[PDB]
């Protein structure tokens, strides 16, 4: 009576009577699937048609959807108290597809993904909602992938006898040939047959999946999932993550500074033994949390750090966290500062206090387009713009990491291969960036991110230098140690898409001159700071050149290691030209920059 069989009755099309109360259907999948020894993703979907605008649906109490015709509200999760909550604003009227992904495997993520596809009259995919993440924990995920109940009830319906029409209800499973990198990014869509081509179109790049998911095999387990023809609005793929107990800025900073998935920080259970999480992740998360609690305006990060390092035992808990890892503290706090500032300047309703707990919206950004903008409803969120990073262009040779002993598994041979791969993907070398070890990890793997800087706002941006000898001066820590030793850093190679070259300008005017600002603004055609453009000019009168990439452009760079090593025995010394591999020099000429504004 109240029960129904979703995958039998609604695989093609069903009309469910809701006039007598909630309707329910058990969703059971072979337990052998949830207990697989490899990795996979169960993709549950259904198309909701007539009656989809006055409905409250739920999978157990784990996931609940409320659709009133204007929005689709989603909430749930395993944790009590305030649940994980999201709200999607309908961009169309009509049918929409409900989708949720449940990962399976022994080292799987502990959350599910949920997304909506709005469909037009012709059953074409017209709009896709952000991909929402809801924390479930391992046991509830097992339950969601074995036996859960689907509930549907009418909600504020204007119908005398409300009904809900469902079509193409079903579940499929994709098995990989363990990496879950795609899961947290826009590439998660590349794992779903029904979405074939969506990533290529929206990201304007091939999925280029690694072997694991490249050789995936998919099977429909029940029902008859829909595969809609596309007619989607050109909107970048986005993810949204809500932090019920706050601390989003801290998690975002840890994720970007350490190159750790964002969702690691929203896990029901903390991972154990994860070295990078224990040494970088949690410490950075804690550092940002401490700074926010001290109610210090992010504009004083530099002084807060100087004071903490100047007098031991000062600054309280925040001061001590800083002293424990100076450089990591500089990286984390300056990254958090820059993001909070952007957040506050986003809208009138955003303030420094709110940046600490705002949802995180992550965008899959095309590198050739203009600036990467988030959806209309992302104005109240922290934003992350993601582009290909050095992590994708290291080539073969084993894990790469930065150390005082040098860059692991990095040789001139490997570099030449990576450089060719970069050319094949449309990138071009524009210079060197020298920095400390933690920043190198962040930049190469996680990607370049804006950081607050102590200089006039108009000159804010990512600083690089065509001459490795100039960049070398910055490839180190900027503070001695208890043993009177400063760690050596790493020299990095910065690349940008060739399509970005028209935005690179040059001036013979020392960027330190009085009329510098005006001349650069004349060249770039807009007021500073730099946006999707760059300026190269002498660092000082009669000196070597420096290049500044506006942050928007900096984010779309690909940065990889240089084969030019830093010297642990001569930190502070000048680059020994004899240490520069001749073959690296051969791939280090710089592009021809524009000396006049565009006409």
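Residue numbers count along the first chain shown, from 1.
J.: If you count the residues of the deposited sequence that sit between residue 408 and residue 409 but have no coordinates, do you get none, 1 to 3, 4 to 9, or 10 or more?
T.: Per the deposited record, the segment joining residue 408 and residue 409 has no missing residues.
J.: Quick one: say whether 218 to 226 or 120 to 128 has the higher mean Cα B-factor in the deposited entry.
T.: Of 120 to 128 and 218 to 226, the stretch with the higher C-alpha B-factor average is 120 to 128.
J.: Looking at the deposited entry, does 507 to 515 or 467 to 475 carry the larger mean Cα B-factor?
T.: Looking at the recorded C-alpha B-factors, 507 to 515 comes out higher on average.
J.: When you compare the CA B-factors of 106, 259, 153, 420 as listed in the entry, which one comes out on top?
T.: Comparing C-alpha B-factors across 106, 259, 153, 420, the maximum falls on 106.
J.: Between 77, 349, 446, 244, let me know which has the highest C-alpha B-factor in the entry?
T.: The listed residue with the largest C-alpha B-factor is 349.
J.: How does the C-alpha B factor of residue 69 compare with the rest of the chain: lowest, middle or highest third?
T.: Middle third, going by the recorded CA B-factors of the chain.
J.: How does the C-alpha B factor of residue 579 compare with the rest of the chain: lowest, middle or highest third?
T.: According to the entry, residue 579 has a C-alpha B-factor in the chain's highest third.
J.: Sorting by Cα B-factor within the chain, modelled residues only, which third would residue 534 end up in: lowest, middle or highest?
T.: Lowest third, going by the recorded CA B-factors of the chain.
J.: In terms of the chain's CA B-factor thirds, is residue 22 lowest, middle or highest?
T.: Middle third by C-alpha B-factor.
J.: Report the third (lowest, middle or highest) to which the CA temperature factor of residue 181 belongs, ranking only the modelled residues of the same chain.
T.: Answer is highest: the recorded C-alpha B-factor places it there.
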